[PDB]
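Asker: Protein chains in written order, with this note's numbering: chain E, -1 to 519; chain A, 17 to 76; chain S, 6 to 207; chain V, 120 to 653.
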Amino acid sequence: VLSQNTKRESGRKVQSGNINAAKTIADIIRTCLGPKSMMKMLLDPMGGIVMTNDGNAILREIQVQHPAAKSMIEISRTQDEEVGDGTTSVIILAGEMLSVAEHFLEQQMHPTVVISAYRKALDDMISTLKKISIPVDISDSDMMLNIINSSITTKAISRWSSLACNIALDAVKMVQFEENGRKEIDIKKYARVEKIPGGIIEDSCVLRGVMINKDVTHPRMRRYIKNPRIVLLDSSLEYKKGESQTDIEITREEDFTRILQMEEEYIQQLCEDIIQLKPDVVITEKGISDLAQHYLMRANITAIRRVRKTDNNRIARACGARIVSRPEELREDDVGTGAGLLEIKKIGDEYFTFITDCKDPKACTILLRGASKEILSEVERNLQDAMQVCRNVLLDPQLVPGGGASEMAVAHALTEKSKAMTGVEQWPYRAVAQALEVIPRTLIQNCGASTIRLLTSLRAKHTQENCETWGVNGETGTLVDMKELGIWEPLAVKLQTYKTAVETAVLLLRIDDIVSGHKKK
Amino acid sequence: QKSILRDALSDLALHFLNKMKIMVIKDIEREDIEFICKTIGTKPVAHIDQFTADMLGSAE
Amino acid sequence: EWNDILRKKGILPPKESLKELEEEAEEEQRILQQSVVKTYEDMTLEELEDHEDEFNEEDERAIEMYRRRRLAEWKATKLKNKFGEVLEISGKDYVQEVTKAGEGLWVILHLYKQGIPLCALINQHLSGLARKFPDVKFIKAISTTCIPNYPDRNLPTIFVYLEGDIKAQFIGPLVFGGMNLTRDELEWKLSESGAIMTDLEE
Amino acid sequence: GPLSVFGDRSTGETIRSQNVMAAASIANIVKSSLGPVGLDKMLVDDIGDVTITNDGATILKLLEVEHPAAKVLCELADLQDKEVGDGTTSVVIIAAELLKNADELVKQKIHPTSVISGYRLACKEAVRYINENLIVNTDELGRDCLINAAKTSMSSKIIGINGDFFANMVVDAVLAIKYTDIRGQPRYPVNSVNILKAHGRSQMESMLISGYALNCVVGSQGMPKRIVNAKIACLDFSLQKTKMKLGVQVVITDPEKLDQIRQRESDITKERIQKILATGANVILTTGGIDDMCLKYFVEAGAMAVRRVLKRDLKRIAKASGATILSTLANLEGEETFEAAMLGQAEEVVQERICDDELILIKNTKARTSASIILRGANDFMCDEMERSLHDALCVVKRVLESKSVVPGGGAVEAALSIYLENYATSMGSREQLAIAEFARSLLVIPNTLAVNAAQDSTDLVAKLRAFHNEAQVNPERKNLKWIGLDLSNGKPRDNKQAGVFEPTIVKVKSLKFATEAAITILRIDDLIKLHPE
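Shown next, in the form of structure tokens:
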């Protein structure tokens, strides 16, 4: 028969559990968006201490028994990887609109017509969003700082935006590059995020160069150079142990001292081959013996070893240099230049190499002076979001007004097209359209001010044109035009949020059977 | 024939056979080879010096 | 209510029990998590070659002491690497190595009749093992000259001796039968004899 | 007693009844995964893995089960899947129904051999009828039957809402794969199209590569991550510091050769590197790994190399690119060399980032053209659902192109065969006809169930369908009333061929065959002995 510990359930209870868990999870992270946001705290299963207010970064930190919540977490990380902001937005949209679907499901409905209503609904509202799409040129720095401040308005570090926002844009350009003249690339892995504890927020900014937490490898080397000569090697200077085994049979009177002489001579010849194209700094990820450094002290090289592989990539990209593997292949074109300034400064109680670029960089490294690793992590996540949106606007010069007004605008548009169409799916259609504006009521709750009157006035104002930009002012719980407030969000972000929430709803509204307790095979 | 302690087939020789367009099958059990001798009349070759058409058969 | 009043007075129902087992198990689970960092500096012998990713401070007292113990360990282990070729001594001397073979040194006393792929593959596996453990005395020979008219249906029989005491036995192919038998399984069996400490899946 | 101690025994129709017990049981579970329209079932492992599935065999594979007759049903479903892929779900249902029916038949005390022979002959005649009268022509169709069959197949799947866009996609990765593997009959293989996931943008814009894509990332980033004109060379020979072999030893007397050999071992590697590179090859894909120095020589030369290729991937790349698999630089002569008769040629190679990760794209192989798909999933589990869906669709379309003759799927064939067989089993004097006749009634399980799964009154619907089939078979002029089935969306008896509900004939043929064989196998048992465990 069937095995013992396998429980199998069906009927209404499974969808009941699904919708209840969906609304539950949506009812734990509601109050974190808009200017009025309330800063959450959570503890990792390990025992760490974190605090954040953006969705998936913390929703990754929950273990659950029910499957639907794991599906929710996967949706959250999908949104995190795709857009990096408004993570809570898609979650709450999915939860509220599933809640709307629930009541309708109770009333004799079957999921086939429901999912058909989703497909037609999403098609219609995406088309409407295309209609209301307006492009704006991306060549203005003031625009980009405005959008960064709009995004960070949901974040508590908005205080320093005046400087901080600008910092973001800097990286977005000073890493920007294109392979062979095409396929423009902006690598965040090349935008290494380093944070030095202590210091005010203002002292933190992007440096037109590369930052590494290392120091000098020998006291008697210069600790400052204006223009060093850059070479990168990927082989150790210590004796290489070959591949096979020989076990030399010392038969004659003496070969051991001869062996040591040959060893030091090989080291000498390779080191002098390196010196042949006179450098000023040699950098390598491998360890180095004393003899190579001693030989380099005649050439006064900086002699830095044991660097990180991605750090090698970043430094090479910034300098524009190349990477060698043999001293013998050393040639001219590989040695890049652009090291406008080099320092080894003692910061706090740790050393850091300060190479400052003079020429064009194609990779950035960040100094982050703060008060604690958790706050620095917060600002790092938020600046990552900043460059994310900056590059998103770079790729697509589209904008629509922020503050959630477009939700109600497209809701009214779908209302009119539901009037145009004929069917019974118009009911769930308009219902999920009403689910769309869960955001503004959430914003009002964050404000804690009057709700119904402003909601109704907003609703009346948006059923006609000329008000689509006009939105909800969360600063003081009022209604204003967004042509002047400044909150503006890219088209692709809201596109992805809409698609993600709708597809999650479509996924969660098909199951009929659950079987639990089976074994991996 | 299936071999132990030693590879009955050589990778370099495998490429050689691939170049010379001959089917290569190894790891054949010790016993039913006589069955094969009874089946298709083939006879074993234990050394390349032994090798001769006398231990080679024909097939359709 | 009534049950807990019972509990204060009597023990006729059991329901408050066994809630300490999982408690202690979780306590030990959290406790055992510091063993990874307790011996981080106490296991690797290449950490000196791991400069610039292992150094934060050098107290030069316990750490030079660690070099001293490490070098003593290394010299002790590499002074014993003397083997690696299975050898064919004769039956005339046999009494002199069944007994005079050194105390504290394991002896894998292999007996065989060449010709069967069983014995040939076993000889191959042990010879290859000699390349890994040159601290183990391997012996191979023809059992006929070791034991007179020994039954040829009782090969290959593995013998494990030390100080003339049989510690492990593996008699005939009844425990090695099959060409599918491999390197690691032989090493596993000899480890199970108590001579070697390694890890294997099965 | 019987001297069968340390065990357990059973007999009688009771155990035969118990033979029904498990079998009919496993029917109910899958009772909502039928043909064109079904509902998915949720599975949770002990680890807690979140998994969804919509077709019966794949569902049951991940599930524990006992009463090895249930293993017989499991393996019959596995057989049907490996044979067709679609229609593999109904076999268990019809098997359980047939088992119950035959158990009742013998409850009326009929010789088991009688019902066995009746079932065998009924299956034979019904397979003949399927292959004769109840197929719909698709050979005359072109580029439309493909989409119709794909839609009918993946209709139960979650994508059909936009599956049209998908269907074309999938089939357009197929129709260009026309090669004569047997040199006299071109055949379309599977695994010739790679299915790769992407959990970023929405599925409605799924990607069809007019070329080839593989999960490859360049070694170092100083290396060119894209090239607009590439020469491809594929090696099954891994590159690293050379060790000759342990069968060859090195021992010298003068130590004046340490530098000599310790340079020579890599001199071999780099001279081979220059032999490959000077020939113009720009793309190098080696199944094994490559050490850093070789990649450094590459970035010096500006050529592109990717390691850790999987063997079948490399072979299919070389097939598409026109490259030649190589496993050593040795040639017809012992002294090794290199040739350019193996320069795989493709228009463009790029390392393109999708979500947070990149892979290698190959465009317009300058020998022939291949294809692959990048699915735009939502979360990993619906990605798993879609990839299973696409794999099954690939199997079904392979069947379709192997046999351009289609039976109208869904379950109209069930009532059609019921009517046909009920017409028979009435022209012979053997009581077995009763058993024979029963076979027809068993066929009536599949369509009815759908309407119950569709919450429609299956009774009247199948009554009308069987009336149409009855008049069609008693009136061959009205035989064309075999062009009416049931519509699952509205409970309408309507022209099935009009909509396009399609499945290849071999599905139903092999379904009958396998179901009858397993039915005989399991009805054969009417006793058991147990042996106590260890």
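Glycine residues also receive a C-beta, built at the ideal position from the N, C-alpha and C atoms.
Three or more beta-carbon pairs under 8 Å between the region 480 to 489 of chain V and the region 352 to 372 of chain V, yes or no?
Answerer: No: fewer than three Cβ pairs fall under 8 Å.
Asker: What is the residue span of the beta strand (DSSP E) that residue 477/E lies within?
Answerer: Element bounds for residue 477/E: 476 to 478.
Asker: Would a C-beta distance cut-off of 8 Å place residue 459/V and residue 440/V closer than the cut-off?
Answerer: Cβ distance not < 8 Å, so residue 459/V and residue 440/V don't count as in contact.
Asker: Here's a check: name, in chain order, each residue in its chain whose Cβ is nearer than 6 Å to the Cβ of residue 135/V, leaving out the five neighbours to either side.
Answerer: 222 and 645, listed in sequence order.
Asker: Taking the C-alpha atoms as reference points, what is the distance between residue 58/S and residue 351/E?
Answerer: For residue 58/S and residue 351/E, the distance between alpha carbons rounds to 16 Å.
Asker: Rounded to a whole number of angstroms, what is the C-alpha to C-alpha distance between residue 52/S and residue 423/V?
Answerer: Each residue's Cα considered, the two are about 36 Å apart.
Asker: Measure the alpha-carbon distance for residue 608/V versus residue 75/E and round it to whole angstroms.
Answerer: Spanning the two alpha carbons is a distance of roughly 36 Å.
Asker: Which residues in the same chain have their Cβ closer than 8 Å to the Cβ of residue 613/V, if we skip the five residues on either side of it in sequence?
Answerer: Closer than 8 Å at the Cβ level, and outside the excluded window around residue 613/V, lie 603, 604, 605 and 606.
Asker: According to DSSP, residue 630/V sits in a beta bridge with which residue or residues?
Answerer: Note: residue 630/V sits in no beta bridge, so no partner.
Asker: According to a CB-to-CB cut-off of less than 8 Å, which residues of the region 286 to 310 of chain E neighbour chain B?
Answerer: Of the protein chains in the structure, E, A, S and V, none is chain B.
Asker: Suppose you measure from the CA of residue 285/E to the CA of residue 55/E; what does that come to, to the nearest Å?
Answerer: One C-alpha to the other measures close to 37 Å.
Asker: Under the DSSP definition of a beta bridge, which residues are partnered with residue 203/E?
Answerer: Answer is 365/E.
Asker: How would you call residue 519/E, buried or exposed, if buried means at least 16 neighbouring beta carbons within 10 angstroms?
Answerer: By the neighbour-count rule (16 or more Cβ atoms within 10 Å), residue 519/E is not buried but exposed.
Asker: Starting from residue 438/E, trace the alpha helix (DSSP H) both ways and give me its first and last residue.
Answerer: 436 to 445 is the extent of the alpha helix (DSSP H) around residue 438/E.
Asker: Report the rounded CA-to-CA distance for residue 168/E versus residue 204/E, giving the unit in angstroms.
Answerer: C-alpha separation (whole angstroms): 7 Å.
Asker: Could you pull the start and end residues of the alpha helix (DSSP H) that residue 231/V belongs to?
Answerer: Looking at the DSSP string, the run of the alpha helix (DSSP H) that includes residue 231/V is 231 to 251.
Asker: Taking Cβ positions only, does residue 135/S come closer than 8 Å to chain A?
Answerer: No, its Cβ sits nowhere closer than 8 Å to a Cβ of chain A.
Asker: By DSSP, does residue 435/V sit in helix, in strand, or in coil?
Answerer: Helix.
Asker: Quick one, which residues of the region 36 to 58 of chain E are near chain V if we go by CB-CB under 7 Å, in chain order?
Answerer: Cβ contacts with chain V come from no residue of the region 36 to 58 of chain E.
Asker: To which residues of the same chain is residue 269/E closer than 6 Å at the C-beta, ignoring the five residues directly before and after it?
Answerer: Correct list, in chain order: 290 and 293.
Asker: Can you list, in chain order, the residues of its chain whose CB lies under 8 Å from that of residue 224/E, leaving out five sequence neighbours each side?
Answerer: The residues are 338, 339 and 340.
Asker: Consult DSSP for residue 635/V and reduce its assignment to one of helix, strand or coil.
Answerer: Three-state DSSP puts residue 635/V in a helix.
Asker: Hey, out of 639/V, 546/V and 202/V, whose CA is closest to residue 176/V's CA?
Answerer: The candidate whose alpha carbon is nearest that of residue 176/V is 202/V.
Asker: Under 7 Å from any heavy atom of the ligand ADP, does the C-beta of residue 163/E make it?
Answerer: Of ligands this structure carries none, so the ligand ADP is not represented either.
Asker: Taking the continuous beta strand (DSSP E) assigned at residue 183/E, which residues delimit it?
Answerer: Note, residue 183/E: beta strand (DSSP E), 180 to 183.
Asker: Just reading off the beta strand (DSSP E) that residue 466/V is part of, what are its end residues?
Answerer: Residue 466/V -> beta strand (DSSP E) spans 463 to 472.
Asker: Please list, in chain order, the chain S residues whose beta carbon lies closer than 8 Å to that of residue 49/A.
Answerer: Here the premise fails: no neighbours, minimum Cβ distance about 15 Å.
Asker: Give the straight-line distance between the Cα atoms of residue 100/E and residue 482/V, rounded to the nearest whole angstrom.
Answerer: C-alpha separation (whole angstroms): 47 Å.
Asker: Please state if the CB of residue 123/S and the CB of residue 181/S are separated by a distance shorter than 8 Å.
Answerer: Yes.
Asker: Answer yes or no: does any C-beta atom of chain V fall closer than 8 Å to that of residue 509/E?
Answerer: True, the Cβ-Cβ gap to chain V drops below 8 Å.
Asker: May I have the straight-line CA-CA distance separating residue 249/E from residue 372/V, to the nearest angstrom?
Answerer: Roughly 7 Å separates the two Cα atoms.
Asker: State the DSSP-derived secondary structure class of residue 233/E, mapped to helix, strand or coil.
Answerer: Here residue 233/E sits in coil by DSSP.
Asker: Between the region 437 to 456 of chain V and chain A, which residues of the former have CB atoms less than 8 Å from a CB of the latter, in chain order?
Answerer: The region 437 to 456 of chain V vs chain A, Cβ under 8 Å: 446, 447, 449 and 451.
Asker: On the criterion of 16 or more Cβ atoms from any shown chain inside 10 Å, does residue 222/E qualify as buried, or is it exposed?
Answerer: Classification for residue 222/E: exposed.
Asker: Using a Cβ-Cβ cut-off of less than 7 Å, list which residues of the region 45 to 60 of chain S approach chain E; keep chain order.
Answerer: Answer in chain order: 54, 56, 57 and 58.
Asker: How far does the beta strand (DSSP E) with residue 326/V in it reach, from first residue to last?
Answerer: Segment 326 to 328, the beta strand (DSSP E) holding residue 326/V.
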